[PDB]
Amino acid sequence: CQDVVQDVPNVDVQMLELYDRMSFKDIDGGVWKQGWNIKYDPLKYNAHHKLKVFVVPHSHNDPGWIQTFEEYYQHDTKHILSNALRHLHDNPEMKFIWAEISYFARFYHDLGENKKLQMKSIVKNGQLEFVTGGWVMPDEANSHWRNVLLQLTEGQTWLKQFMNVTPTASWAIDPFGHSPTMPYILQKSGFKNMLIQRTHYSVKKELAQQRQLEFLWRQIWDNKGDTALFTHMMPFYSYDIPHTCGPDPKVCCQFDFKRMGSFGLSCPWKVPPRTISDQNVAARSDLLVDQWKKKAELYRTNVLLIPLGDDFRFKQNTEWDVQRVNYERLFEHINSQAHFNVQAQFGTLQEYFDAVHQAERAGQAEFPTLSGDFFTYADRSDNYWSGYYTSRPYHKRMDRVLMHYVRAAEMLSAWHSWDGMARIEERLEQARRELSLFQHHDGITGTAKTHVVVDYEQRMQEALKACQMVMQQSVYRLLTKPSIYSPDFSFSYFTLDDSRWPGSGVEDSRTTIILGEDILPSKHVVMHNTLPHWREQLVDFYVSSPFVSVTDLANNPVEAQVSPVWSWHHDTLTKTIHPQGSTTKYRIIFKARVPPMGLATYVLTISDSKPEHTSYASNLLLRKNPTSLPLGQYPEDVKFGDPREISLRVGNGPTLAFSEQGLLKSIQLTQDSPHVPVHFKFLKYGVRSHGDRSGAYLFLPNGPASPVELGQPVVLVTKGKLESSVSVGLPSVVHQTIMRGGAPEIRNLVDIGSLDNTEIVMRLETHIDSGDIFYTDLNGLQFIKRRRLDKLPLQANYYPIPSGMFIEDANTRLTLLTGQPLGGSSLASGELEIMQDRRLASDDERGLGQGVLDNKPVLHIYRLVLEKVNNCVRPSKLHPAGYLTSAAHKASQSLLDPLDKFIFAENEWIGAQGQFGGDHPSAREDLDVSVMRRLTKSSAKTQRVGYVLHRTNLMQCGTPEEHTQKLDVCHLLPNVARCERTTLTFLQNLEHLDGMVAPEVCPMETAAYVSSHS
Ligand SMILES: *[C@H]1O[C@H](CO)[C@@H](O)[C@H](O)[C@H]1NC(C)=O
Ligand SMILES: OC[C@H]1CN[C@@H](O)[C@@H](O)[C@@H]1O
Ligand SMILES: [Zn+2]
């Protein structure tokens, strides 16, 4: 295993280092506005060294954006695909590439057999080529790597099954900025090449000058280079035709033959395309070839890629004809005029890369190595696309909840083979596809129109329901004596209970367990732990009485705590935001201990008075002018007081001190240690009154944020033996700090209401001497070093915070982990900030045609980990990566993959069992079974189960951390006959494993294994 901490990789281009050096000046470079006047030597190409040009026809299809997926399919895409099938069938030399398998599958299943056969034929013969082959072209900023893998697998599995092909070249022309998580996953999924387009215009200029637009992209910690994937970065401002034939859009636009009038399109540079004729072909070719030779100067080989396409192009048969015929006339003339020394033809993306590597193998070019990312993107001037790291935060949070529910549903149902009547495969397929669709670069990004966001939400809601059905059926089967197990595959044996989604104050969705001497004395509940190690976590349930005790299934008492159910209200009468306690229901909380990838059953039993092992939280409402807060049967009366500073300590955990406004002010790790200044503060950014306006994509603040005026907020303190918390009703946010004995959990119920042109940010102020350095993660997979650059505007220093960020000095680190992707930064030494929501009244000129005014209450969650790190073995100053501590990684896991909770839905569960998985190996804490998925239906003689195993890398800070068992996923199910290491999508076997043992993987590595069983 490579050491991913101590050796700084030697690469030709390291993006953080490049950023430190680059000046980013936005100077007018001429017709190539963001470049320079490219010059070339006409003698470079000649009879024995021609410029091979591949014109690659494409059609960018967004699976939802201005219309919903189905609306675009009906109005545009089904015509594009039907006409592509006809045109390619009839014109054997025409080519076309396709990326979005969600649309292709939607089309294909509506085709009759004759057409399906014609389609397989043009794919088999190389005319129609799939690029990437993912369900969508995903966002790369907010997406979790697990969902990027999920959607890639969904599309490639469909392609293998129905088209018998697996793309090895990736095409990503629209994500707003690019992540190295893509080559990481692609290279482990059989890919050999990838192409990207949206990178900062300054970076395109810089790499173009050095002919470094094509590079071997390796991971920031990869010293050896085995993660390397050849990447082609396009050079220009757009993937449209005006910005893909060469440097001058006024000339290239003339070669987009769909812009002549009858299609309602034109060239904004005021020179329209002209039909190619025998009389003008030489002059048109003179112009086109000159553009091509200028573009070729920016690369190292004599093979040139010329994309030919735009949004939803190649729709009408007349469009196919006008593009094809005019280009064929140009090719016939150009390839017969020896003086151009050009051979041009339509080609596919793989054809291009194959020729490039033939040139490379012939010793004609060597490519530079590069590590780093391409965030934050700006397409022009100071227009940085950091707004979408936060836009539509409700759905960004929903993405993470469904991410976890899909994993749990697939894992819980994988243990058994199911009868087709159970509809398990059907429900899981729907769930995987709706989540996969939302990874689209206008889905999770929050950049779609309002009715499209609603469509994604409805689809994810149906996916969550499908997951719940599968999980509850699976739990009943896993924990019921087999000879008693009697399933009704449509029956609800259990109801899932989720404390954080949609969340208290967002939707009243949780069921109350109704107990009573006259109706039901007790209730079984079950917890599932999807992680491959024993895990304890506090869980809560709503109950109809505060006098409830908990036992495990051996009837052993389990210590519990009961707290009231508090809900906050913006009281339009008193004009205060204050809490009301329920008089009909209460929260029971206790520590559940669950086996690795297993289940554990507990029982809640009512009693007539306080039970021996249940304690009751005290509650204190701090506010001027209080009124009573009756709590029905709750045994402790609420206390009141004027606002004041308070301190709390749960267990042996940290002691936290709060200001009289209910916000954290300091953390003291142990009773003897210092009260470290750590202060939460809420601020707001506005929008510019002159010039460019922030919108769904762009963050264009009118200067640094201003503090939210807090008034004298109402603060509620609940103190319990197992859990305490401080909650405060601030304008737009009910802010809560919860303590369970370790790093606190922060929950913000964010309701931006009608505050137009406002972005609400949550900032942490410390005295940590971080200077201009901070760390943020990429897709929940790795942490990358960031350096705040004052030569760049505020919005450029904002980065995606898909799951965590931290600052540190030589001795102290503060890590903030998130349960949802949001945008954030460290704008000054000692600070961290992360945006909660943004409401924008204007459109930002990127095509959406609306601002963001559809905000709704969202419950954001976090873990805040303050740690001493002077004893940790950290990377050197020049290393571009950072790594979490064990506590911060576990904290992240508690937000993203919490225990699942199930309430038995009927009165009596006959045949109930206490635990499942007690014999599963408890793997080392840095290892995770990211995916467990049965790959065969029940009629398959040989069953197959796939596993994706990921090992992160955690800092060695002196904790002995020991004794764990090796996890061999191939032996998790009985009767194993074979164990194979496969690509991450499970589509190709890479290694037959001895003894049918799946070895564990190295730090920062991810492997896939498939076990076969008789
Ligand atoms: C398609 O995949 C390869 C062709 O390169 C080969 O296995 C066979 O011809 C096809 N597979 C099928 C249809 O089973
Ligand atoms: O300007 C951004 C838009 C451009 N390309 C389209 O296909 C959209 O997905 C993008 O959101
Ligand atoms: Zn797009």
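In what follows, every heavy atom counts, from backbone to side chain, and hydrogens, waters and symmetry copies are set aside. All residue numbers refer to positions in the sequence shown, counting from 1. Counting convention: from 1, in listed order, for ligands and their atoms alike.
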Note every protein N or O atom lying under 3.5 Å from an N or O atom of ligand 1, pairing the names and giving the distance.
from: ligand 1; atom 1: 2 (O); to: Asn164; atom 2: OD1; distance (Å): 2.9
from: ligand 1; atom 1: 2 (O); to: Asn164; atom 2: ND2; distance (Å): 2.4
from: ligand 1; atom 1: 11 (N); to: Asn164; atom 2: OD1; distance (Å): 3.4
from: ligand 1; atom 1: 11 (N); to: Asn164; atom 2: ND2; distance (Å): 2.9

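Proximity to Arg198 (heavy-atom distance under 4.0 Å) selects the following atoms of ligand 2: 4 (C). Ligand-side atoms of ligand 2 in range of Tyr239: 5 (N), 6 (C), 7 (O), range being under 4.0 angstrom from any heavy atom. The contact set between ligand 2 and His441, taken as ligand atoms under 4.0 Å from a residue heavy atom, comprises 9 (O). Close approach of ligand 2 to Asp442 (heavy-atom distance below 4.0 Å) involves ligand atoms 8 (C), 9 (O), 10 (C), 11 (O). Near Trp385, the atoms of ligand 2 lying under 4.0 angstrom from a non-hydrogen atom of the residue are 1 (O), 2 (C).
A cation-pi arrangement, defined by a distance under 6.0 Å to the six-membered ring centre and an angle within 45 degrees of its axis, is present between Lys188 and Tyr184.
Taking the six-membered ring for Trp and the full ring otherwise, the centers of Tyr72 and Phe312 sit less than 6.0 Å from each other. The aromatic ring centroids of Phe96 and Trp320 lie less than 6.0 Å from each other. Ring centers of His200 and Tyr384: under 6.0 Å apart, within the cut-off. Aromatic ring centres of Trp98 and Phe130 lie farther apart than the 6.0 Å criterion allows.
Considering backbone and side-chain atoms alike, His60 places an N or O below 3.5 Å from some N or O of ligand 2. Polar contact with ligand 2: present for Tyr697 (N/O pair, distance under 3.5 Å). Distances between N or O atoms of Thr447 and those of ligand 2 include no value under 3.5 Å.
If you check which protein heavy atom lies closest to atom 2 (C) of ligand 2, you get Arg846 O, 3.4 Å. The single protein non-hydrogen atom nearest to atom 8 (C) of ligand 2 is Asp174 OD2, 3.2 Å, given as residue, atom name and distance.
Contacts with ligand 2 closer than 4.0 Å are made by no heavy atom of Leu848, backbone or side chain. In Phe312, neither the side chain nor the backbone holds a heavy atom less than 4.0 Å from any atom of ligand 2.
For residue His440, no N/O/S atom approaches the Zn ion (ligand 3) to within less than 2.8 Å.
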* **Verdict with supporting geometry, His87 and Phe314, ring pair (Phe, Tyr, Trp, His ring centres under 6.0 Å)** => CA-CA 10 Å; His87 278 274; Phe314 290 100; 9.2 Å; no
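The side-chain contact (heavy atoms from CB on, under 4.5 Å) check on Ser82 picks up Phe107, with sequence neighbours excluded.
Looking only at its N/O/S atoms, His441 has NE2 as the one nearest to the Zn ion (ligand 3). Here the N, O or S atom of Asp62 that is nearest to the Zn ion (ligand 3) is OD1.
Note: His440 and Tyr456 have tilted aromatic rings, judged against thresholds of 30 and 60 degrees for the angle between ring planes. A parallel orientation is assigned to the rings of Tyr103 and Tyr73, their planes being inclined by less than 30° (bins at 30° and 60°).
For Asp139 (side chain) and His441 (main-chain N/O), no donor-acceptor pair under 3.5 Å exists by modelled atom type.
In terms of heavy-atom proximity, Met119 sits nearest to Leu111 at CB-CD1, 4.5 Å. Of all non-hydrogen atoms in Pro268 and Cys253, the two that sit nearest each other are CD-SG, 4.4 Å.
With hydrogens and angles left out, the side-chain atoms of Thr77 and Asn61 include a donor and acceptor closer than 3.5 Å. Side-chain contact, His395 with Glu457: a donor N or O sits under 3.5 Å from an acceptor N or O.
Look at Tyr388 and you'll find every heavy atom at least 4.0 Å from all atoms of ligand 2.
The OD2 atom of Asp174 and the NE2 atom of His60 subtend an angle of 100° at the Zn ion (ligand 3), given to the nearest 10 degrees.
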